[PDB]
Amino acid sequence: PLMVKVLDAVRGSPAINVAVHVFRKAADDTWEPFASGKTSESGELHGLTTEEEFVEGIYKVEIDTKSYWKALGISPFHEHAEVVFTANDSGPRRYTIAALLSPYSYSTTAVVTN
Amino acid sequence: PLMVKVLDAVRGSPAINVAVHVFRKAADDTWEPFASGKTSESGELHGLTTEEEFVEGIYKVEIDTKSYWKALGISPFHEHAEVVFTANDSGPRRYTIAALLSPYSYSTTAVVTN
Amino acid sequence: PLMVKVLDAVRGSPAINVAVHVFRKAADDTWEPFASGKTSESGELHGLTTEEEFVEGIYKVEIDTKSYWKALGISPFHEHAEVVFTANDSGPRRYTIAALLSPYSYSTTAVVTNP
Amino acid sequence: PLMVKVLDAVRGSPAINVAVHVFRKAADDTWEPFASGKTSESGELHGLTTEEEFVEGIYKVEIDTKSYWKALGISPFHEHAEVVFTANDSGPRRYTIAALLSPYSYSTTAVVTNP
Ligand SMILES: Oc1c(Br)cc(-c2nc3ccccc3o2)cc1Br
Ligand SMILES: Oc1c(Br)cc(-c2nc3ccccc3o2)cc1Br
């Protein structure tokens, strides 16, 4: 139900081997680790969770953009990119969180489908 | 070698049934029709061309954003969105032109892979 | 030395009355409140800090996009937009944090100048 | 009534000395030159037109992004960024066309105000 895709606006390519961490907001308002992985050669990270585990709640997707740029020898602005959203069962069932990265900028969108 | 994908930033969805026209620049600098189609339910338009036909050159991808917004009952800013680029054989072989649409804004990127 | 500008990609307008909260990472790795305000009729928020107060550190600029969209009677995707960055680590700079908002998307950029 | 602002997402800076050409669609459906200029050290291009001259029409703002990137010694994807829109069809408005540039991507937005 959740896929993350990361793209590079400098090289015009998928952003490969980017660390991504997903958190769920707990009842005490702390962020609890939920899922993580590294983007593939296509810039995508599949298999983070299952329908059963991905209950309604507030989730945070943290993308380690700083390490990505540093590996390329480029000095970046942001410590990371954070995407925070509510999963809602009323809405469609599959969520794609996409991020387009530049050293001093990023764009993110959600594609939510049934 | 060429795919076009269009996304909607207002609804968080693929932009479905969007007309897309591709042109190649001719030797007299006019734009000659090359390929066209309508995005699918996934927001993607596949099958525009073949490796044989897609020779080095300057290409224009025109996306009929105004009709898309009007069909949704939303007043848009742009007449259309234009993406103009050189296809170069030195670079990687497959080109994805992606566009993220809002009524008064759009973002575009190229994902170019081998 | 810190300005925040917010635009609305649906209306083609400044995003007015957007709440913005800035935090600085403390010695104990917690986010300490640093400054806050609301965007003006131009979509800009000036006067958050001074060059004396805006020392080296890791800062988080949280833009309350959800509250913005709800109030235009609209249900958006994100809770907020957060921008996290190290500032002033090579001496004082001036920072503009710009954000362009849609209900299911935002884009952010920084303009960093040396006075 | 027409301003163009261009930012650089690689450098985190205004995009300076970017050439901008504006066209208006003529009665015969050709693009007629309307105005042109270069962005300043702030990334802004003011003074393109007057409210008298900037009548109703379909306008194209062409931003010469390729020439910008080449000159920073860099090979970019797009030939230019073009923004095409109807203007002043409900009377005079003020238009800001903003563009945020990367070598393989750009984003553009409009801010339209009623004076
Ligand atoms: O499967 C995808 C998805 Br999901 C998002 C994008 C995408 N996300 C974007 C954000 C700003 C500009 C262009 C963008 O393209 C591209 C491809 Br290909
Ligand atoms: O005075 C401006 C204007 Br107009 C637009 C922008 C701007 N345009 C943007 C497009 C995408 C992401 C961030 C953006 O910021 C910034 C400033 Br500062």
# chains A, B, ... in the order shown; residues from 1 in each chain; ligands from 1
call {"tool": "interface_residues", "arguments": {"of": "chain B", "to": "chain C", "cutoff": "7 Å", "atoms": "only C-alpha atoms", "output": "PyMOL selection string"}}
result
chain B and resi 9-12+102-105
call {"tool": "calpha_fit_and_write", "arguments": {"fixed": "chain C", "moving": "chain D", "output": "compact mmCIF listing (two decimals) with N, CA and C atoms, in the first residue's frame"}}
result
# COMPACT_ATOMS: atom_id res chain seq x y z
N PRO D 1 17.78 38.10 8.44
CA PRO D 1 18.54 36.95 7.98
C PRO D 1 17.76 35.69 7.71
N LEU D 2 16.48 35.67 8.04
CA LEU D 2 15.59 34.54 7.76
C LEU D 2 14.26 35.11 7.28
N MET D 3 13.88 34.78 6.06
CA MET D 3 12.59 35.13 5.51
C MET D 3 11.90 33.85 4.97
N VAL D 4 10.58 33.75 5.11
CA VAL D 4 9.82 32.60 4.58
C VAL D 4 8.74 33.17 3.65
N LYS D 5 8.66 32.62 2.44
CA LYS D 5 7.67 33.04 1.44
C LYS D 5 6.84 31.83 1.00
N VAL D 6 5.51 31.97 0.94
CA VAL D 6 4.66 30.83 0.65
C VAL D 6 3.68 31.30 -0.45
N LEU D 7 3.60 30.51 -1.52
CA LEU D 7 2.71 30.75 -2.68
C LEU D 7 1.69 29.60 -2.82
N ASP D 8 0.57 29.94 -3.44
CA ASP D 8 -0.55 29.01 -3.65
C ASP D 8 -0.68 28.71 -5.15
N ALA D 9 -0.42 27.45 -5.50
CA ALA D 9 -0.42 27.01 -6.90
C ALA D 9 -1.79 26.75 -7.49
N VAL D 10 -2.81 26.74 -6.65
CA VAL D 10 -4.22 26.57 -7.08
C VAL D 10 -4.83 27.90 -7.48
N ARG D 11 -4.63 28.91 -6.64
CA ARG D 11 -5.18 30.25 -6.79
C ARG D 11 -4.27 31.18 -7.62
N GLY D 12 -2.98 30.87 -7.72
CA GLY D 12 -2.04 31.77 -8.36
C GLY D 12 -1.87 33.06 -7.58
N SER D 13 -1.58 32.91 -6.28
CA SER D 13 -1.58 34.00 -5.35
C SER D 13 -0.56 33.73 -4.24
N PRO D 14 -0.19 34.76 -3.51
CA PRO D 14 0.49 34.51 -2.23
C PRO D 14 -0.42 33.65 -1.35
N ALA D 15 0.20 32.83 -0.49
CA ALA D 15 -0.56 32.06 0.53
C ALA D 15 -0.51 32.95 1.79
N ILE D 16 -1.64 33.54 2.13
CA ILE D 16 -1.75 34.54 3.18
C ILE D 16 -2.17 33.88 4.50
N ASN D 17 -1.65 34.39 5.62
CA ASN D 17 -2.05 33.88 6.94
C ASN D 17 -1.67 32.45 7.18
N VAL D 18 -0.53 32.03 6.60
CA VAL D 18 0.01 30.71 6.85
C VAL D 18 0.86 30.76 8.11
N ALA D 19 0.58 29.90 9.08
CA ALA D 19 1.38 29.84 10.30
C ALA D 19 2.71 29.15 10.00
N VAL D 20 3.78 29.71 10.57
CA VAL D 20 5.14 29.19 10.42
C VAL D 20 5.82 29.14 11.79
N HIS D 21 6.37 27.96 12.13
CA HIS D 21 7.08 27.77 13.40
C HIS D 21 8.52 27.36 13.07
N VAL D 22 9.49 28.01 13.70
CA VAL D 22 10.89 27.69 13.52
C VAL D 22 11.44 27.15 14.82
N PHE D 23 12.21 26.07 14.70
CA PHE D 23 12.85 25.39 15.80
C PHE D 23 14.36 25.32 15.55
N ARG D 24 15.11 25.21 16.65
CA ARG D 24 16.56 25.00 16.57
C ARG D 24 16.92 23.78 17.41
N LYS D 25 17.78 22.92 16.90
CA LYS D 25 18.17 21.73 17.62
C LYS D 25 19.09 22.13 18.80
N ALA D 26 18.69 21.74 20.01
CA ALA D 26 19.43 21.97 21.26
C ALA D 26 20.53 20.96 21.48
N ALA D 27 21.31 21.24 22.53
CA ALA D 27 22.46 20.42 22.89
C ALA D 27 22.06 18.98 23.18
N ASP D 28 20.85 18.81 23.72
CA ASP D 28 20.30 17.49 24.02
C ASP D 28 19.53 16.83 22.89
N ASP D 29 19.70 17.38 21.68
CA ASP D 29 19.10 16.88 20.43
C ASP D 29 17.58 17.02 20.30
N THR D 30 16.97 17.83 21.16
CA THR D 30 15.56 18.18 21.06
C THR D 30 15.37 19.45 20.21
N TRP D 31 14.17 19.60 19.65
CA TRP D 31 13.83 20.78 18.90
C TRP D 31 13.31 21.86 19.83
N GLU D 32 14.04 22.94 19.99
CA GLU D 32 13.62 24.04 20.84
C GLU D 32 12.91 25.10 20.00
N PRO D 33 11.78 25.65 20.49
CA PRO D 33 11.18 26.74 19.76
C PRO D 33 12.16 27.91 19.62
N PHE D 34 12.19 28.47 18.41
CA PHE D 34 13.06 29.57 18.08
C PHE D 34 12.34 30.86 17.70
N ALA D 35 11.32 30.73 16.83
CA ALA D 35 10.53 31.82 16.42
C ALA D 35 9.29 31.32 15.69
N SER D 36 8.29 32.22 15.54
CA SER D 36 7.08 31.86 14.82
C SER D 36 6.41 33.12 14.31
N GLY D 37 5.50 32.94 13.37
CA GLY D 37 4.75 34.06 12.81
C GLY D 37 3.77 33.58 11.75
N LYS D 38 3.17 34.52 11.03
CA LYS D 38 2.19 34.20 9.96
C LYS D 38 2.58 35.01 8.72
N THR D 39 2.40 34.41 7.56
CA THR D 39 2.64 35.15 6.32
C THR D 39 1.63 36.30 6.12
N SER D 40 2.15 37.37 5.56
CA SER D 40 1.41 38.56 5.27
C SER D 40 0.61 38.42 3.96
N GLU D 41 0.03 39.55 3.56
CA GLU D 41 -0.77 39.55 2.35
C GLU D 41 0.09 39.33 1.08
N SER D 42 1.40 39.49 1.20
CA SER D 42 2.35 39.22 0.13
C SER D 42 2.85 37.77 0.14
N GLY D 43 2.40 36.98 1.12
CA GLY D 43 2.92 35.61 1.32
C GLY D 43 4.26 35.53 2.02
N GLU D 44 4.76 36.64 2.51
CA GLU D 44 6.06 36.72 3.16
C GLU D 44 5.96 36.91 4.66
N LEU D 45 6.93 36.34 5.32
CA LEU D 45 7.07 36.43 6.77
C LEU D 45 8.46 36.91 7.05
N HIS D 46 8.53 38.16 7.48
CA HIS D 46 9.75 38.86 7.83
C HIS D 46 9.81 39.01 9.36
N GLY D 47 10.99 39.29 9.85
CA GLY D 47 11.13 39.68 11.26
C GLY D 47 11.16 38.52 12.24
N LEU D 48 11.40 37.31 11.75
CA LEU D 48 11.47 36.16 12.64
C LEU D 48 12.62 36.24 13.66
N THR D 49 13.76 36.74 13.20
CA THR D 49 14.98 36.75 14.04
C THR D 49 15.91 37.89 13.70
N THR D 50 17.02 37.97 14.43
CA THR D 50 18.04 39.01 14.24
C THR D 50 19.34 38.28 13.90
N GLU D 51 20.33 38.97 13.34
CA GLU D 51 21.61 38.31 13.07
C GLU D 51 22.31 37.90 14.39
N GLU D 52 22.09 38.62 15.49
CA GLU D 52 22.65 38.19 16.81
C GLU D 52 22.09 36.87 17.30
N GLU D 53 20.75 36.73 17.20
CA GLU D 53 20.07 35.58 17.72
C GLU D 53 20.25 34.35 16.84
N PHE D 54 20.42 34.57 15.54
CA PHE D 54 20.40 33.49 14.54
C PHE D 54 21.81 32.91 14.41
N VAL D 55 22.22 32.21 15.46
CA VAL D 55 23.55 31.67 15.52
C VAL D 55 23.64 30.39 14.68
N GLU D 56 24.83 29.80 14.57
CA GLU D 56 25.01 28.45 14.00
C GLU D 56 24.05 27.48 14.60
N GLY D 57 23.53 26.56 13.81
CA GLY D 57 22.73 25.48 14.32
C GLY D 57 22.00 24.76 13.21
N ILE D 58 21.23 23.79 13.62
CA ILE D 58 20.33 23.04 12.75
C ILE D 58 18.95 23.57 13.06
N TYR D 59 18.31 24.09 12.02
CA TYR D 59 16.99 24.76 12.13
C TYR D 59 15.95 23.97 11.37
N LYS D 60 14.72 24.02 11.87
CA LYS D 60 13.55 23.42 11.20
C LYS D 60 12.52 24.51 11.06
N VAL D 61 12.10 24.71 9.84
CA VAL D 61 11.01 25.65 9.49
C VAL D 61 9.81 24.80 9.13
N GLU D 62 8.77 24.87 9.97
CA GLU D 62 7.55 24.10 9.81
C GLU D 62 6.47 25.06 9.34
N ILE D 63 5.90 24.74 8.19
CA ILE D 63 4.89 25.53 7.52
C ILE D 63 3.58 24.78 7.66
N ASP D 64 2.61 25.41 8.27
CA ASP D 64 1.36 24.73 8.63
C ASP D 64 0.40 24.73 7.44
N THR D 65 0.74 23.90 6.45
CA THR D 65 -0.01 23.84 5.20
C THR D 65 -1.40 23.26 5.43
N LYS D 66 -1.53 22.33 6.36
CA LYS D 66 -2.86 21.68 6.50
C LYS D 66 -3.92 22.67 6.96
N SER D 67 -3.53 23.46 7.95
CA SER D 67 -4.40 24.51 8.54
C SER D 67 -4.79 25.55 7.44
N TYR D 68 -3.82 25.91 6.57
CA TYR D 68 -4.07 26.75 5.41
C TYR D 68 -5.15 26.22 4.50
N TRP D 69 -5.04 24.97 4.05
CA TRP D 69 -5.95 24.36 3.07
C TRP D 69 -7.30 24.11 3.72
N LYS D 70 -7.29 23.68 4.98
CA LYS D 70 -8.61 23.32 5.63
C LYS D 70 -9.46 24.58 5.54
N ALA D 71 -8.83 25.73 5.89
CA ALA D 71 -9.51 27.06 6.08
C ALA D 71 -10.05 27.66 4.83
N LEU D 72 -9.59 27.17 3.69
CA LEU D 72 -10.14 27.47 2.40
C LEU D 72 -11.15 26.35 2.10
N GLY D 73 -11.60 25.77 3.22
CA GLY D 73 -12.56 24.67 3.22
C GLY D 73 -12.12 23.41 2.51
N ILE D 74 -10.81 23.12 2.47
CA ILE D 74 -10.24 22.05 1.60
C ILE D 74 -9.44 20.98 2.42
N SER D 75 -9.61 19.68 2.14
CA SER D 75 -8.87 18.57 2.81
C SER D 75 -7.57 18.15 2.10
N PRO D 76 -6.39 18.57 2.63
CA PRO D 76 -5.17 18.32 1.91
C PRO D 76 -4.44 17.03 2.38
N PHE D 77 -3.38 16.64 1.69
CA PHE D 77 -2.65 15.38 1.98
C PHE D 77 -1.68 15.52 3.18
N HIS D 78 -0.82 16.55 3.17
CA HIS D 78 0.26 16.62 4.15
C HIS D 78 -0.20 17.25 5.45
N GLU D 79 0.42 16.89 6.56
CA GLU D 79 0.21 17.59 7.82
C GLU D 79 0.80 18.98 7.88
N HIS D 80 1.96 19.12 7.30
CA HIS D 80 2.75 20.34 7.25
C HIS D 80 3.84 20.13 6.24
N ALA D 81 4.59 21.17 5.95
CA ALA D 81 5.79 21.09 5.15
C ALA D 81 6.93 21.52 6.08
N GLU D 82 7.99 20.71 6.17
CA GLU D 82 9.10 21.00 7.07
C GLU D 82 10.34 21.10 6.24
N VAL D 83 11.14 22.10 6.56
CA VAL D 83 12.40 22.33 5.91
C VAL D 83 13.51 22.36 6.99
N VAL D 84 14.45 21.45 6.91
CA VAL D 84 15.50 21.29 7.96
C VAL D 84 16.87 21.49 7.31
N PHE D 85 17.66 22.35 7.93
CA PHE D 85 18.95 22.75 7.36
C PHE D 85 19.90 23.29 8.40
N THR D 86 21.20 23.11 8.17
CA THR D 86 22.21 23.79 8.94
C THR D 86 22.36 25.22 8.44
N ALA D 87 22.44 26.17 9.38
CA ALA D 87 22.59 27.59 9.06
C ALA D 87 23.81 28.21 9.72
N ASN D 88 24.43 29.14 9.01
CA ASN D 88 25.47 30.02 9.54
C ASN D 88 26.73 29.28 9.94
N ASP D 89 26.95 28.09 9.43
CA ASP D 89 28.14 27.35 9.83
C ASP D 89 29.44 27.84 9.23
N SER D 90 29.38 28.75 8.27
CA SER D 90 30.57 29.41 7.69
C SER D 90 30.41 30.91 7.87
N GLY D 91 29.76 31.30 8.94
CA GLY D 91 29.49 32.64 9.19
C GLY D 91 28.07 33.01 8.79
N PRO D 92 27.65 34.23 9.13
CA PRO D 92 26.27 34.69 8.88
C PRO D 92 25.92 34.68 7.39
N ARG D 93 24.75 34.11 7.08
CA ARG D 93 24.16 34.24 5.77
C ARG D 93 22.70 34.68 5.89
N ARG D 94 22.14 35.14 4.76
CA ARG D 94 20.71 35.46 4.71
C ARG D 94 20.00 34.33 3.95
N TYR D 95 18.91 33.87 4.55
CA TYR D 95 18.18 32.73 4.06
C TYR D 95 16.77 33.09 3.71
N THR D 96 16.35 32.75 2.50
CA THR D 96 14.92 32.77 2.13
C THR D 96 14.49 31.33 1.88
N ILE D 97 13.46 30.91 2.60
CA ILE D 97 12.85 29.62 2.42
C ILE D 97 11.52 29.84 1.72
N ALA D 98 11.42 29.34 0.49
CA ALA D 98 10.19 29.53 -0.33
C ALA D 98 9.49 28.19 -0.46
N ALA D 99 8.16 28.22 -0.42
CA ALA D 99 7.37 27.04 -0.61
C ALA D 99 6.21 27.36 -1.53
N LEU D 100 5.94 26.43 -2.45
CA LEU D 100 4.82 26.51 -3.41
C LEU D 100 3.88 25.34 -3.10
N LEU D 101 2.64 25.67 -2.76
CA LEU D 101 1.71 24.69 -2.22
C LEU D 101 0.55 24.31 -3.18
N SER D 102 0.29 23.01 -3.20
CA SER D 102 -0.93 22.42 -3.77
C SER D 102 -1.53 21.47 -2.75
N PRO D 103 -2.78 21.07 -2.91
CA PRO D 103 -3.35 20.20 -1.90
C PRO D 103 -2.61 18.87 -1.67
N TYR D 104 -2.03 18.28 -2.72
CA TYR D 104 -1.32 16.98 -2.61
C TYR D 104 0.17 17.06 -2.92
N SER D 105 0.73 18.28 -2.93
CA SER D 105 2.13 18.45 -3.33
C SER D 105 2.66 19.76 -2.80
N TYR D 106 3.94 19.79 -2.51
CA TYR D 106 4.60 21.09 -2.33
C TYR D 106 6.03 21.02 -2.86
N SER D 107 6.51 22.19 -3.22
CA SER D 107 7.91 22.37 -3.62
C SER D 107 8.54 23.42 -2.75
N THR D 108 9.79 23.21 -2.40
CA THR D 108 10.48 24.18 -1.56
C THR D 108 11.87 24.41 -2.11
N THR D 109 12.34 25.64 -1.99
CA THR D 109 13.70 25.99 -2.37
C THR D 109 14.27 26.97 -1.35
N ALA D 110 15.60 27.07 -1.36
CA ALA D 110 16.28 28.05 -0.49
C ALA D 110 17.11 28.97 -1.37
N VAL D 111 17.10 30.24 -1.02
CA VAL D 111 18.01 31.26 -1.60
C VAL D 111 18.89 31.76 -0.45
N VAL D 112 20.17 31.49 -0.60
CA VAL D 112 21.15 31.79 0.43
C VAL D 112 22.14 32.81 -0.11
N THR D 113 22.20 33.96 0.56
CA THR D 113 23.08 35.05 0.12
C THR D 113 24.05 35.45 1.26
N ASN D 114 25.21 36.00 0.86
CA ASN D 114 26.22 36.43 1.83
C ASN D 114 26.18 37.94 1.87
N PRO D 115 25.79 38.51 3.01
CA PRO D 115 25.64 39.97 3.06
C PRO D 115 26.97 40.69 3.02
call {"tool": "closest_atom_pairs", "arguments": {"of": "chain A", "to": "chain B", "cutoff": "6 Å", "atoms": "only C-alpha atoms", "output": "Markdown table"}}
result
| residue | atom | partner | partner_atom | distance |
| --- | --- | --- | --- | --- |
| A:12 | CA | B:111 | CA | 4.8 |
| A:13 | CA | B:111 | CA | 4.7 |
| A:110 | CA | B:12 | CA | 5.4 |
| A:111 | CA | B:13 | CA | 4.7 |
| A:112 | CA | B:13 | CA | 5.6 |
call {"tool": "closest_residue", "arguments": {"among": "B:43, B:38, B:63, B:53", "to": "ligand 1", "atoms": "only C-alpha atoms and all ligand atoms"}}
result
B:43
call {"tool": "closest_residue", "arguments": {"among": "A:106, A:31, A:23, A:69", "to": "ligand 2", "atoms": "only C-alpha atoms and all ligand atoms"}}
result
A:106
call {"tool": "atom_distance", "arguments": {"atom1": "CA of residue 4 (chain B)", "atom2": "CA of residue 6 (chain A)"}}
result
17.3 Å
call {"tool": "atom_distance", "arguments": {"atom1": "CA of residue 40 (chain A)", "atom2": "CA of residue 15 (chain A)"}}
result
8.2 Å
call {"tool": "residues_around", "arguments": {"residues": "residue 82 (chain A)", "least_positions_apart": "2", "cutoff": "7 Å", "atoms": "only C-alpha atoms", "output": "PyMOL selection string"}}
result
(chain A and resi 60-63+80+84) or (chain C and resi 82)
call {"tool": "select_by_dssp", "arguments": {"residues": "region 10-113 of chain B", "states": "strand (DSSP E or B)", "output": "ChimeraX atom specification"}}
result
/B:13-14,19-25,31-38,44-45,57-63,78-87,94-102,105-113
call {"tool": "write_last_selection", "arguments": {"atoms": "N, CA and C atoms", "output": "compact mmCIF listing (two decimals), in the first residue's frame"}}
result
# COMPACT_ATOMS: atom_id res chain seq x y z
N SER B 13 -3.40 12.35 -7.88
CA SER B 13 -3.77 11.25 -8.77
C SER B 13 -3.04 11.36 -10.08
N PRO B 14 -3.04 10.29 -10.84
CA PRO B 14 -2.61 10.42 -12.24
C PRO B 14 -3.55 11.41 -12.96
N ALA B 19 -4.50 15.01 -23.44
CA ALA B 19 -3.93 14.94 -24.79
C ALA B 19 -2.49 15.42 -24.76
N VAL B 20 -1.63 14.68 -25.44
CA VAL B 20 -0.22 14.97 -25.55
C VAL B 20 0.17 14.87 -27.02
N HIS B 21 0.84 15.91 -27.52
CA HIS B 21 1.35 15.97 -28.88
C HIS B 21 2.83 16.14 -28.89
N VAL B 22 3.51 15.35 -29.69
CA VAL B 22 4.96 15.41 -29.83
C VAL B 22 5.29 15.87 -31.24
N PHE B 23 6.24 16.77 -31.31
CA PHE B 23 6.71 17.36 -32.54
C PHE B 23 8.22 17.21 -32.63
N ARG B 24 8.72 17.13 -33.86
CA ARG B 24 10.15 17.16 -34.14
C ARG B 24 10.45 18.44 -34.92
N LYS B 25 11.55 19.10 -34.61
CA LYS B 25 11.94 20.30 -35.34
C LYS B 25 12.50 19.91 -36.70
N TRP B 31 7.81 23.13 -36.51
CA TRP B 31 7.53 21.96 -35.70
C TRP B 31 6.68 20.99 -36.50
N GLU B 32 7.22 19.82 -36.84
CA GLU B 32 6.39 18.81 -37.52
C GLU B 32 5.80 17.76 -36.57
N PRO B 33 4.48 17.50 -36.73
CA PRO B 33 3.87 16.43 -35.94
C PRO B 33 4.66 15.15 -36.01
N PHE B 34 4.83 14.50 -34.86
CA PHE B 34 5.64 13.29 -34.70
C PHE B 34 4.86 12.11 -34.11
N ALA B 35 4.11 12.39 -33.05
CA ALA B 35 3.37 11.31 -32.24
C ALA B 35 2.37 12.03 -31.41
N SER B 36 1.29 11.33 -31.07
CA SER B 36 0.36 11.88 -30.09
C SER B 36 -0.46 10.78 -29.47
N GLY B 37 -1.13 11.11 -28.39
CA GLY B 37 -2.03 10.18 -27.73
C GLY B 37 -2.66 10.83 -26.52
N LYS B 38 -3.35 10.03 -25.70
CA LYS B 38 -3.99 10.51 -24.47
C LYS B 38 -3.45 9.67 -23.32
N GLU B 44 0.02 7.67 -17.81
CA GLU B 44 1.16 7.42 -18.69
C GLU B 44 0.72 7.25 -20.11
N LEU B 45 1.61 7.61 -21.00
CA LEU B 45 1.40 7.47 -22.41
C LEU B 45 2.60 6.75 -22.96
N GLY B 57 17.67 14.82 -32.46
CA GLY B 57 16.91 15.98 -32.95
C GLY B 57 16.37 16.76 -31.77
N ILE B 58 15.67 17.83 -32.10
CA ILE B 58 14.97 18.63 -31.10
C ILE B 58 13.50 18.26 -31.16
N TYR B 59 12.95 17.94 -29.99
CA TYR B 59 11.58 17.50 -29.86
C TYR B 59 10.83 18.43 -28.89
N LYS B 60 9.54 18.56 -29.13
CA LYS B 60 8.62 19.32 -28.27
C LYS B 60 7.47 18.39 -27.87
N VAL B 61 7.23 18.31 -26.55
CA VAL B 61 6.12 17.59 -25.99
C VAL B 61 5.13 18.63 -25.48
N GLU B 62 3.96 18.70 -26.11
CA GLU B 62 2.90 19.64 -25.70
C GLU B 62 1.82 18.86 -24.94
N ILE B 63 1.49 19.30 -23.74
CA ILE B 63 0.51 18.66 -22.89
C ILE B 63 -0.68 19.61 -22.77
N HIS B 78 -2.42 28.32 -17.61
CA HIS B 78 -1.61 28.12 -18.83
C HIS B 78 -2.50 27.66 -19.97
N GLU B 79 -2.10 28.01 -21.19
CA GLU B 79 -2.76 27.46 -22.41
C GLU B 79 -2.46 25.98 -22.60
N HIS B 80 -1.26 25.62 -22.20
CA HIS B 80 -0.72 24.26 -22.29
C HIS B 80 0.62 24.24 -21.59
N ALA B 81 1.24 23.07 -21.47
CA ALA B 81 2.61 22.95 -20.98
C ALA B 81 3.44 22.35 -22.11
N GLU B 82 4.57 22.95 -22.41
CA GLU B 82 5.50 22.63 -23.48
C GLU B 82 6.80 22.12 -22.84
N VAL B 83 7.39 21.04 -23.32
CA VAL B 83 8.70 20.57 -22.85
C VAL B 83 9.54 20.40 -24.10
N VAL B 84 10.62 21.15 -24.25
CA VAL B 84 11.43 21.15 -25.49
C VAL B 84 12.85 20.74 -25.12
N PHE B 85 13.36 19.75 -25.82
CA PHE B 85 14.64 19.10 -25.46
C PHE B 85 15.32 18.48 -26.66
N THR B 86 16.63 18.24 -26.54
CA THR B 86 17.39 17.52 -27.60
C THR B 86 17.55 16.08 -27.19
N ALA B 87 17.21 15.17 -28.11
CA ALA B 87 17.53 13.74 -27.99
C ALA B 87 18.95 13.55 -28.50
N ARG B 94 16.54 5.73 -22.92
CA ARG B 94 15.12 5.83 -22.68
C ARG B 94 14.83 7.14 -21.97
N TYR B 95 13.82 7.83 -22.46
CA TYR B 95 13.47 9.16 -21.92
C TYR B 95 12.06 9.11 -21.35
N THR B 96 11.91 9.47 -20.09
CA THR B 96 10.62 9.71 -19.49
C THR B 96 10.51 11.20 -19.23
N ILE B 97 9.47 11.81 -19.77
CA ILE B 97 9.15 13.21 -19.53
C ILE B 97 7.96 13.21 -18.57
N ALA B 98 8.16 13.71 -17.36
CA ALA B 98 7.12 13.72 -16.36
C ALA B 98 6.67 15.17 -16.10
N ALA B 99 5.39 15.36 -15.88
CA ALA B 99 4.81 16.66 -15.55
C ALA B 99 3.86 16.53 -14.39
N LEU B 100 3.99 17.44 -13.41
CA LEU B 100 3.14 17.52 -12.23
C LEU B 100 2.36 18.84 -12.35
N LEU B 101 1.04 18.73 -12.44
CA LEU B 101 0.17 19.84 -12.78
C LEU B 101 -0.61 20.41 -11.58
N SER B 102 -0.66 21.74 -11.49
CA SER B 102 -1.57 22.50 -10.68
C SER B 102 -2.21 23.59 -11.56
N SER B 105 0.45 26.36 -11.92
CA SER B 105 1.84 25.93 -11.86
C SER B 105 2.02 24.57 -12.51
N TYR B 106 3.20 24.31 -13.05
CA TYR B 106 3.58 22.93 -13.33
C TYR B 106 5.08 22.78 -13.13
N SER B 107 5.44 21.54 -12.84
CA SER B 107 6.81 21.08 -12.68
C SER B 107 7.07 19.99 -13.72
N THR B 108 8.25 19.97 -14.31
CA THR B 108 8.58 18.90 -15.24
C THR B 108 10.00 18.44 -14.97
N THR B 109 10.24 17.15 -15.18
CA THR B 109 11.59 16.60 -15.09
C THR B 109 11.75 15.54 -16.18
N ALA B 110 13.00 15.24 -16.47
CA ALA B 110 13.36 14.20 -17.40
C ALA B 110 14.07 13.09 -16.60
N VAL B 111 13.70 11.86 -16.86
CA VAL B 111 14.38 10.68 -16.30
C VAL B 111 14.91 9.92 -17.49
N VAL B 112 16.22 9.90 -17.62
CA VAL B 112 16.90 9.38 -18.79
C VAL B 112 17.80 8.24 -18.38
N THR B 113 17.48 7.02 -18.84
CA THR B 113 18.16 5.81 -18.36
C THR B 113 18.61 4.91 -19.50
call {"tool": "atom_distance", "arguments": {"atom1": "CA of residue 67 (chain B)", "atom2": "CA of residue 18 (chain B)"}}
result
7.8 Å
call {"tool": "select_by_dssp", "arguments": {"residues": "region 3-110 of chain A", "states": "helix (DSSP H, G or I)", "output": "MDAnalysis selection string"}}
result
chainID A and resid 65:71
